[PDB]
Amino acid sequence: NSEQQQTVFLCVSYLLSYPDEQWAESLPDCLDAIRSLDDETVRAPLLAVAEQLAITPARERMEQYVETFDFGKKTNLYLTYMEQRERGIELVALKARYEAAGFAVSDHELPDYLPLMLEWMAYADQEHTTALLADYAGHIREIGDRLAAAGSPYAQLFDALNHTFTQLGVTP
């Protein structure tokens, strides 16, 4: 269903965010939201990640987050990093696409930030979400493959993104 996909986008977007103490206040709600997913292919990996984080001290969640998603590594969650001027041109175009679905991109986060893009896809129509996916699915899958090659527990979230994407019509 569509609302199940919205749920996947919201939960992954949240689970890819910096896991400080304020973030953890929503982990119970996130754990319930995940458990309402019917499809085991996306429910199990989302559940594995959320449950592992729930037993991990905040200091270690934040440590591993920074050492996994550092701006220096290729696994950073900003898609235009995979040359500032060309980056900025792409950012102009991405921001215009967001407004094409009826969403005013705030000038406080970069439009290529994966958790932001995921949150947008939970609110956008299938047509706009799929058009965006066709362009950036490759970026997203490569982040997963890099995480998977580094043995990061966060790579499981991307397994769920894969299945969700192929369900929308986006195969690699």
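All residue numbers are counted from 1 along the displayed sequence.
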Unmodelled stretch from the deposited sequence between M82 and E83, which bin: none, 1 to 3, 4 to 9, 10 or more?
1 to 3
As stated in the PDB record, which stretch has the larger average Cα B-factor, 102-110 or 38-46?
102-110
Which wins on mean Cα temperature factor, 22-30 or 59-67?
59-67
By the record's CA B-factor, is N162 among the lowest, middle or highest third of residues in the chain?
highest
Splitting the chain's C-alpha B-factors into thirds, which one does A155 fall into?
middle
Sorting the chain's CA B-factors, does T130 end up in the lowest, middle or highest third?
highest
